[PDB]
Amino acid sequence: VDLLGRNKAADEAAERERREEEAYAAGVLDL
Amino acid sequence: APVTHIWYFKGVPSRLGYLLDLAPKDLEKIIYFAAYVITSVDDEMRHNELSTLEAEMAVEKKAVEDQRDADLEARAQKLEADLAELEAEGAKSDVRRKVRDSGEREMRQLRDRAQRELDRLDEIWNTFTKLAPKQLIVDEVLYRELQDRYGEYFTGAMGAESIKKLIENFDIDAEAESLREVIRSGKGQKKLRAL
């Protein structure tokens with residue numbers, strides 16, 4: 001984990017999808 | 001000259017892209033006169049002709065490739081003459097191999113423009129046979145090279161007029177139901193995009 005580390009792009013896209021998945025389950029108007 | 005409304009093009013979501021299932025860059029190209037799109041074509045008219053259009057393409061290609069092999073062999077005999085007339089007199093073989101490398105370059109470039117024309121015509125055919133509207137063309141050459149041969153089969157344009165014609169030539173309840181179905185069945189981010 002210290003030679004490979006952690007990217008940024010993938011994490012951004014992932015938390016994005018996660019946000020729009022926790023927002024569609026209840027109510028989706030996030031902006 | 002017709003023109004569109006930025007409010008429904010630039011602001012996210014771009015309503016036009018969503019209505020038509022596009023990306024903006026494509027559309028900012030089609031409206032600011034960069035790429036071309038296909039307003040409509042005929043699928044049943046292009047059905048009973050694919051065979052003979054292949055026939056004409058293939059006869060043209062056999063023609064040019066017969067000329068291509070003729071190029072190869074004729075340049076090769078000229079090269080043999082060049083060597084035989086370069087050695088009969090009193091010169092080293094260093095200069096002979098240099099001039100023969102030049103002649104090799106010659107035959108190479110001949111066969112090269114040859115095969116370049118091959119690949120061009122072949123990709124052109126492969127683009128004709130694979131035609132559905134809303135396709136972009138960043139080329140301006142492929143497009144013209146299709147407008148001269150069979151252009152009258154399909155219909156093309158660019159600008160506000162292209163999107164206009166298209167919108168007119170676009171079923172809506174079919175898309176709406178297919179979208180309801182992609183949402184029902186599909187899942188993931190794809191579900192969200194269809195939503």
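Residues numbered from 1 in each chain as written, not as in the entry; some residues may be left out. Chains lettered and ligands numbered in written order. Part of a larger assembly, values for the part shown. Heavy atoms only, no water. Residues with missing side-chain atoms left out of burial classes, pairs and counts.

cryo-EM is the method the PDB entry states for this structure, with the resolution given as 3.08 Å.

Chemist: Please set out the packing of aromatic side chains residue by residue, giving values where relevant.
Modeler: Residue and element names in this part refer to chain B. In this structure the tally under the stated criterion is six aromatic pairs over all chains. Ring centres of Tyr-36 and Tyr-143 lie 4.7 Å apart, and the angle between their planes is 85 degrees; this geometry places the pair in the edge-to-face category. Pair noted here: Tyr-36 is in the loop between helix 2 (24–31) and strand 1 (37–40) and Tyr-143 is in helix 5 (residues 142–147), with a separation of 107 residues, a long-range link. For the pair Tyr-36 and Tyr-143, a shared accessibility class is recorded, and that class is buried. Between the aromatic rings of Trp-125 and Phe-128, the centroid separation amounts to 5.4 Å while the plane-to-plane angle is 65 degrees, which identifies the pairing as edge-to-face. In this pair, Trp-125 and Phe-128 both sit in helix 4 (residues 93–128), three residues apart, roughly one turn of the helix. The same class applies to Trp-125 as to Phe-128, namely buried. In textbook terms, an aromatic cluster arises when at least three aromatic residues are bridged by ring pairs, as seen for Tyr-36, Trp-125, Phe-128, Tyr-143, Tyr-150, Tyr-153 and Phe-154. Directly above the aromatic system of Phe-128 lies the positively charged group of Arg-46, at a separation of 5.5 Å from the ring centroid. (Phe/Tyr/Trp six-rings, centres within 6.5 Å; stacked < 30°, edge-to-face > 60°. Helix = DSSP H or I, 4+ residues; strand = E, 2+ residues; numbered from the N terminus. Buried < 20%, exposed > 50% of the residue type's maximum accessible area, 1.4 Å probe, protein only. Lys NZ or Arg CZ within 6 Å of the ring centre and 35° of its normal.)

Chemist: Tell me about the pattern of salt bridges, and please be specific about residues and values.
Modeler: Residues and elements named next belong to chain B. In this structure the tally under the stated criterion is six salt bridges over all chains. The partner of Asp-122 in a salt bridge is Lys-61, and the shortest N-O contact between them spans 3.9 Å. On the criterion of sequence distance, the pair formed by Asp-122 in helix 4 and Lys-61 in helix 3 (residues 50–87) is long-range, its members being 61 residues apart. For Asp-122, a relative accessible area of 33% translates into the label partly exposed. (Salt bridge = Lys/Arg side-chain N within 4 Å of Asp/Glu carboxyl O.)

Chemist: Please set out a nonpolar patch on the surface residue by residue, giving values where relevant.
Modeler: Residues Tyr-24 and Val-28 of chain A together with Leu-195 of chain B make up a contiguous nonpolar surface patch of roughly 280 Å² in combined accessible area. Mapped onto the secondary structure, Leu-195 of chain B falls in the segment after helix 8 (189–194). Assessed through its relative accessible area of 53%, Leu-195 of chain B is described here as exposed. (Patch = residues over 30% accessible without salt bridge, like charges linked within 9 Å, V, L, I, M, F, W, Y side chains within 5 Å. Areas by Shrake-Rupley, 256 points an atom, 1.4 Å probe, with all protein chains shown as cover.)

Chemist: Outline unusual backbone geometry, listing residues and values.
Modeler: A negative phi holds for most residues other than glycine; trans holds for most peptide bonds. Residues and elements named next belong to chain B. Here the amide bond leading from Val-12 into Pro-13 is cis, since omega sits at 0 degrees, within 30 degrees of zero. On the secondary structure map, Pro-13 appears in the segment before helix 1 (15–20). Non-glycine residue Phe-33 carries a positive phi angle of around 65 degrees. The topology assignment puts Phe-33 in the loop between helix 2 and strand 1. Residue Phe-33 is classed as exposed on the basis of its relative accessible area of 56%. The phi torsion at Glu-140 lies on the positive side, around 75 degrees, for a residue other than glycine.

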